[PDB]
Amino acid sequence: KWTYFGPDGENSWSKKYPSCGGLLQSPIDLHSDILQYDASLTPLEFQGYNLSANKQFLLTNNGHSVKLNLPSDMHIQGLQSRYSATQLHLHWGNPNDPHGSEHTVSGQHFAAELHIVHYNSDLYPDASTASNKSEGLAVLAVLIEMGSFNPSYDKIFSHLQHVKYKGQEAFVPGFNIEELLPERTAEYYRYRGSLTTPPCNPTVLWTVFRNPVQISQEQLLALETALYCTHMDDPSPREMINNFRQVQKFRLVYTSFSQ
Amino acid sequence: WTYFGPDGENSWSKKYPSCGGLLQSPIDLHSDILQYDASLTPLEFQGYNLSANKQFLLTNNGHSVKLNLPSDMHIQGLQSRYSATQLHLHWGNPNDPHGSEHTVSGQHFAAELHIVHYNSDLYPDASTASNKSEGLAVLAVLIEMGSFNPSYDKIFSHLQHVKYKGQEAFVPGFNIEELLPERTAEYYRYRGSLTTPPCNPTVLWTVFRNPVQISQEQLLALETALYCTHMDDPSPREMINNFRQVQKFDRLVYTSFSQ
Ligand SMILES: NS(=O)(=O)c1c(F)c(NC2CCCCCCC2)c(S(=O)(=O)CCCO)c(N2CCCCC2)c1F
Ligand SMILES: NS(=O)(=O)c1c(F)c(NC2CCCCCCC2)c(S(=O)(=O)CCCO)c(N2CCCCC2)c1F
Ligand SMILES: [Zn+2]
Ligand SMILES: [Zn+2]
């Protein structure tokens with residue numbers, strides 16, 4: 001129904017998905033003129049993130065990105081409701097332009113971005129029900145840049161070889177998802193926004209950590225070159241690249257750090 | 001169509017199919033998509049010194065302010081002669097005075113001037129040209145906050161007479177080349193589109209490398225003088241943030257400079 005490229009690309013999402021042309025759209029450029037320090041923004045607590053290595057979690061190529069299913073016993077503590085995990089997934093660019101984060105900082109894209117999606121389990125019974133409702137979603141965003149090899153990210157990336165094509169799936173043994181978060185999680189940007197893909201509902205409480213994580217040049221290249229958005233038997237195969245939405249016009253972004 | 005709300009830029013494709021098509025402008029000018037082209041030679045600006053005995057219509061059309069230009073103003077150096085039709089501006093707002101259309105290495109400038117031309121070797125007028133490939137050529141000048149600019153003030157001194165949609169004022173001829181920056185020989189060149197509906201992908205863009213300056217007071221005037229609504233409208237709407245977000249570009253921008 002929708003794509004990141006071509007005639008069904010992001011400027012056309014609003015035809016079928018009205019909220020994509022509505023208010024509170026994400027992602028955004030995090031820059032000085034729209035920030036405000038909020039001393040009340042305390043560190044979140046990440047509970048249940050240490051997933052048992054005896055359990056397995058489904059990784060799927062759905063044609064738009066790769067996503068890992070997460071159990072609802074994982075949750076964020078510190079918001080007005082409990083938010084319980086549902087999935088994590090990534091957004092990236094391409095080897096010729098390896099700058100495919102969704103959020104930018106002072107107009108700069110990072111190489112990639114990880115989103116850990118949660119739903120308000122105090123108010124709603126599941127993520128689908130929560131997704132178009134008040135206070136329904138909370139997403140944690142980790143900016144990713146090129147640097148040292150990252151063994152924790154490789155716990156996902158080592159499986160990309162088995163989800164090359166749309167509709168393919170692989171089981172990933174549990175590991176500590178907190179390993180994917182950066183140093184100093186206390187420093188973050190906080191704002192009310194939306195899903196960054198259709199249906200673009202304006203129901204997401206975003207937390208974008210200030211500090212990026214690093215993955216190696218080779219890990220980033222693998223992420224950018226391993227996957228296809230087409231089924232294996234498609235006579236017109238299409239590489240899965242540039243699967244991020246452009247920044248949206250933006251209204252205040254609160255920061256847990258004063259400078 | 002508008003730049004904010006239900007008829008804003010993510011909705012333009014609902015009515016204007018080209019706004020969701022290929023070759024859309026503006027774009028972020030950054031290293032990964034740039035290629036030096038030693039063959040790109042300086043444009044020559046012919047007829048830009050408009051007679052002071054003549055006058056040129058300035059119009060608030062509800063989306064920006066535009067100044068009509070005569071077809072005896074020409075650019076030489078492209079594959080055809082292109083003749084002027086108008087100039088106009090794009091800007092931000094006082095709380096976020098960063099409303100250029102093009103960005104450079106992810107940074108918005110305060111505003112941007114467009115001087116629109118059409119291929120007069122092939123087409124009799126800009127309307128005809130606008131639907132034809134490379135029918136149009138636009139010169140873009142990036143504008144930053146700095147010194148007072150007496151040349152731009154030859155346009156800005158009139159803003160208080162075109163405050164509302166449909167209002168018009170005459171501007172005596174002056175040297176339009178005074179609106180251009182230093183070292184016009186240095187520029188970015190790419191094939192793109194109109195940045196407003198109908199978004200036709202028919203524009204040869206030239207973005208000069210170097211910005212010009214206007215003062216904080218001049219920028220504030222440009223950001224606060226104009227309304228998108230008619231004078232008698234019971235709910236006035238300020239004309240601010242009348243720039244399109246940057247578009248995906250994955251394709252090369254050629255530069256006339258290497259360093
Ligand atoms: N970037 S984002 O964090 O906004 C965000 C989400 F949040 C959710 N998941 C949400 C919660 C679970 C499903 C219920 C409906 C809301 C989607 C999802 S999703 O898997 O559920 C797809 C449906 C929405 O397009 C995605 N995708 C986009 C397609 C590629 C994989 C990740 C997304 F990018
Ligand atoms: N940013 S841009 O340079 O792409 C660009 C153009 F080029 C043209 N003028 C072109 C040539 C003259 C008229 C023929 C049709 C194509 C528009 C125009 S225009 O006046 O002709 C309006 C066309 C609306 O469909 C505009 N506007 C947008 C609204 C505010 C004033 C300037 C524009 F922003
Ligand atoms: Zn996402
Ligand atoms: Zn313009």
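Heavy atoms only: backbone and side chains are in, while hydrogens, waters and symmetry mates are out. To find a chain, count down the sequence lines: A is the first, B the second, and so on, and within it residues start at 1. Ligands are counted one by one from 1 in listed order, and the atoms in each one are counted from 1 as well.
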Give a yes or no on whether a salt bridge exists between B/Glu168 and B/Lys66, defined as a side-chain N under 4.0 angstrom from a carboxylate O.
no
Can you tell me if [X] and [Y] form a side-chain donor-acceptor pair at under 3.5 Å?
X: B/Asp7; Y: B/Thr2; result: no
X: A/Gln246; Y: A/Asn11; result: no
X: A/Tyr119; Y: A/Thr129; result: no
X: B/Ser83; Y: B/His117; result: no

Between A/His103 and A/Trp206, is any pair of side-chain heavy atoms under 4.5 Å apart?
yes
Should B/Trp91 and B/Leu226 count as side-chain neighbours, where that means a heavy-atom distance under 4.5 Å?
yes
Numbered in order shown, the ligand 1 atoms found under 4.0 Å of a heavy atom of A/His64 are 29 (C), 30 (C)
Considering the heavy atoms of [X], write down every atom of ligand 2 situated less than 4.0 Å from one of them.
X: B/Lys66; answer: 20 (O)
X: B/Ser64; answer: 30 (C), 31 (C)
X: B/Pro198; answer: 25 (O)

Could you see which bit of B/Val116 sits under 4.0 Å from ligand 2, with heavy atoms only: side chain, backbone, both or neither?
side chain
Below 4.0 Å, non-hydrogen atoms only: which portion of B/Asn61 touches ligand 2? Side chain, backbone, both or neither.
side chain
Heavy atom to atom 5 (C) of ligand 1, shortest distance: which of A/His115, A/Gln87, A/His89 holds it?
A/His89
Can an N or O of A/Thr196 be found at a distance shorter than 3.5 Å from an N or O of ligand 1?
yes
Report yes if some N/O of A/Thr86 lies less than 3.5 Å from some N/O of ligand 1; otherwise report no.
no
For a side chain to side chain donor-acceptor pair (under 3.5 Å) with A/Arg245, tell me which candidate from A/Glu102, A/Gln25, A/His91 qualifies.
A/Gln25
Any protein heavy-atom neighbour for [atom] (distance below 4.0 angstrom)?
atom: atom 32 (C) of ligand 1; answer: yes
atom: atom 13 (C) of ligand 1; answer: no
atom: atom 22 (C) of ligand 2; answer: no

Point-to-point distance, once rounded to the nearest 0.5 Å, from [atom1] of [X] to [atom2] of [Y]:
X: A/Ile156; Y: A/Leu90; atom1: CD1; atom2: CG; value: 6.0 Å
X: A/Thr60; Y: A/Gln168; atom1: OG1; atom2: CD; value: 10.5 Å
X: B/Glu134; Y: B/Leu204; atom1: CD; atom2: CG; value: 5.5 Å
X: A/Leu24; Y: A/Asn201; atom1: CG; atom2: CG; value: 11.5 Å

Do any heavy atoms of A/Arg245 fall under 4.0 Å from ligand 1?
no
Which residue and heavy atom of the protein sit nearest [atom], plus the separation:
atom: atom 24 (C) of ligand 2; value: B/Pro197 O, 3.2 Å
atom: atom 16 (C) of ligand 2; value: B/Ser130 CB, 3.5 Å
atom: atom 7 (F) of ligand 2; value: B/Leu194 CD2, 3.2 Å

Environment of the Zn ion (ligand 3) in terms of protein N/O/S atoms, cut-off under 2.8 Å:
A/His89 NE2, A/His91 NE2, A/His115 ND1
Aromatic ring centroids of B/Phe243 and B/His108 under 6.0 Å?
yes
